[PDB]
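For reference, the structure discussed in these notes is given below.
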Amino acid sequence: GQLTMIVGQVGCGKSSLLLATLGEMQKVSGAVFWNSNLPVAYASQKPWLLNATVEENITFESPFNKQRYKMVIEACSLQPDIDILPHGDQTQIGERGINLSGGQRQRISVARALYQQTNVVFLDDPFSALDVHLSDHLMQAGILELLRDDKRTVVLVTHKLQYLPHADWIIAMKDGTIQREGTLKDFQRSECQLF
Numbered sequence: 706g707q708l709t710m711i712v713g714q715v716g717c718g719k720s721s722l723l724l725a726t727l728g729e730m731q732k733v734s735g736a737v738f739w740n741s742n743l744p770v771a772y773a774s775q776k777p778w779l780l781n782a783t784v785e786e787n788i789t790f791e792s793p794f795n796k797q798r799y800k801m802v803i804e805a806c807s808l809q810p811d812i813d814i815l816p817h818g819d820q821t822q823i824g825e826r827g828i829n830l831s832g833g834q835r836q837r838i839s840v841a842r843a844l845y846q847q848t849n850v851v852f853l854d855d856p857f858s859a860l861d862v863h864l865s866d867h868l869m870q871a872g873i874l875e876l877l878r879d880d881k882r883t884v885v886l887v888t889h890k891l892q893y894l895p896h897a898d899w900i901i902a903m904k905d906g907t908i909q910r911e912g913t914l915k916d917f918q919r920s921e922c923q924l925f
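Residues 706 to 744, 770 to 925 (UniProt numbering) make up the sequence shown, in order.
If you want it as structure tokens, here you go:
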């Protein structure tokens, strides 16, 4: 249930840190238990599309629910996209289909993650490819997504400082290492968060 930001310079390893969070690197040593080693949704740094309908890009091996779909459509800012799609959800997307923008692909990925209702969400800079108004949408609906999240843990990697006061706690990373984790006052003493 914590709201935790991950920040640092372009190329400092933030996306690689997310890959570490996905278990996609080689652990040289140490112990890691996330309750999943007892005997998940993903928004990748570069969005990718499956070759299917927008609808099936949303379902992601699930049954179809259309109230959940209505709430997801409103919550994921997908009404302008539907409004500009030639057949709405029946538009063929992915390879050899309609060419979605990077922002539309990101919004589809966000909708995929919200629809999957996972316990852990990894967002790799999710509002970079969206406009300021859509970023405000992702702010309010994000806050009512984590709020919609019934106690779930949400990890929001971002390169932007715009909403670091508006998440709960920040962990600052640099050069592939964690530099500091802590309160606003702690990071004021770091003399970083103000900068």
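For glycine and all other residues, C-beta sits at the position ideal for the given N, C-alpha and C.
Task: Secondary structure of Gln892, DSSP reduced to three states - done: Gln892: coil per DSSP, three-state reduction.
Open item on the list: What ranges does the beta strand (DSSP E) occupy inside the stretch 825 to 858, keeping only unbroken runs of at least 3 residues that lie completely in it?
Closed with: As far as the stretch 825 to 858 is concerned, its whole beta strand (DSSP E) runs of at least 3 residues are 850 to 854.
Task: Status (buried if at least 16 other CB within 10 Å, exposed otherwise) for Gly713 - done: Around the beta carbon of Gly713, 16 or more other beta carbons lie within 10 angstroms, which makes this residue buried.
TODO: Just the C-alpha distance for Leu886 and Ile900, rounded to the nearest angstrom, thanks.
DONE: Straight-line Cα distance between these residues: approximately 10 angstroms.
Task: Local Cβ density within 10 Å of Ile803, reported as buried at 16 or more and exposed below that - done: Classification of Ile803: buried, given that the 10 Å Cβ count is 16 or more.
Open item on the list: So, does the stretch 782 to 800 touch the stretch 717 to 736, judging by three or more C-beta pairs under 8 angstroms?
Closed with: No, the stretch 782 to 800 does not touch the stretch 717 to 736.
Task: Cutoff 8 angstroms; reference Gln918; Cβ partners in own chain excluding five residues on either side - done: The answer, listed in chain order, is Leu924.
Open item on the list: What does the alpha-carbon distance come out to for the pair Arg882 and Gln731?
Closed with: The straight-line gap from Cα to Cα measures roughly 27 angstroms.
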